[PDB]
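Next up, structure tokens for two forms of one chain, structure 1 and then structure 2.
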Structure 1
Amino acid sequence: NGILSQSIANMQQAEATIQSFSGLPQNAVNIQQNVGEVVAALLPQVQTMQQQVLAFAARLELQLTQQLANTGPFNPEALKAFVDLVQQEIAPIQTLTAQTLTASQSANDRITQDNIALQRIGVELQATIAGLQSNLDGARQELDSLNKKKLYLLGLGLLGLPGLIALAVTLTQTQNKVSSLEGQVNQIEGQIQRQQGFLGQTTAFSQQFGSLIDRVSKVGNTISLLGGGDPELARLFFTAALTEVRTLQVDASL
């Protein structure tokens, strides 16, 4: 039903949470910029398109029902002079629609490409962790060993003082190795975390944008049909065009 309106609203919310991230790679920054432009420029034009499409279709719908009801002389002078009006009225709305479609598809494609790039970076950060975690795990088992050595020696009174002094050097060096490795592993885990949340949002935005483009393409196709004898010619024609305006009010409904 109100799929345009719902898609728009959901796109606005996703955009707001997309702008809220900082310190991300360039591929993310590209999406933040493009998404900015989509919401400030394309979504207003979709709203505009919607109104104009509904206004146009309601007015032609009346006029087609009027023409089905008329009587008097079949007047080929009237049909071509009517049709020409409809092709003229329709022309700029067909343009607005196609333009919207092309620019929307163009923008979505770039988000798709930047998302794939962003996932590539994601898996490569995962690979950097594997190497360092390995080191860390080892440093941590050594540290556990030293911390237990320490409590042992403390139990031995003064006999454990020589052990304890020698031990204290090593503990210091292993605590600093652990500190530095855990520090680096945590920084990278942070990046992955921020990025995965960021891609959640841009995937949600892209899916919504995809529903909007599908509706826009559908509206565009119906318009192409409208935009493109004997008495019971016109009946069948006007009857056929009426069907198309009616699906237009459904397809572009508020």
Structure 2
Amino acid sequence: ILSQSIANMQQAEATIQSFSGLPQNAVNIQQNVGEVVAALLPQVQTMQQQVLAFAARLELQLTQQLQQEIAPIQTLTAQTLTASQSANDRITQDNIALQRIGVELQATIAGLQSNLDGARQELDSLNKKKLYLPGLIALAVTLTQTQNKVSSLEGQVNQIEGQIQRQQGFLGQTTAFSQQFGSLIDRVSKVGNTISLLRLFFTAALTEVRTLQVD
């Protein structure tokens, strides 16, 4: 789960670097992601090996019998937690802000799709006249005038369709990335809890080492 979390985030990374010409909150997420996968994720890989190592010793010392060591791996599980949470908290707010922009694009391509349908209707009409048809001369300039009018609004809209398309894609990525990171923070947190909750003395502790070892 740690590892799959890590692996998945690693694979979304390149896909999130692939987008160009997105808003600043999207560039923020791009930068954040890059820092996490480069710096933060190997940190989590390091704590996990130190946790599996600290636990491998103490398991045997517990079985046999039937602290000083904890400290530096408590410290590390707590930074990793903190750091993870705050990077991820920075993604959550950037995601929310793209959501708001998402919507405002929608309302703008209202105007552009409502006005385009006036011109596409006007041109449909001219285009029936042309096809059924002195008459043809009286229609010719108006036709082209209206053709120009639709292509133009059709260009403007297709512009914003591209923006909307891109930002929806992007957001799919960073939401997914957030899903996974969260899974990573739950499990780090979980290992945080147990590095604290460390015959019936050693028996209890041994379950806490085993859970550590499975987590």
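The term rigid core refers to the most C-alpha atoms you can superpose between the two forms while keeping them within 1.5 Å. Residue positions are counted from 1 along structure 1's sequence.
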Study note, to complete from the structure: The one residue in 167, 117, 136, 107 whose CA moves 2 Å or more between structures 1 and 2 on rigid core superposition is 167
Point to revise | Is_shifted residue 95 between structures 1 and 2 (CA, 2 Å cut-off, rigid core) | key: no
Check your understanding: Comparing between structures 1 and 2 on the rigid core, is the C-alpha shift at residue 126 2 Å or larger?
Key -> no
Revision key, fill the gap. Between-form comparison on the rigid core puts the Cα shift of residue 57 between structures 1 and 2, in Å, at 0.2
Revision key, fill the gap. Here the CA of residue 146, compared between structures 1 and 2 on the core, is shifted in angstrom by 1.9
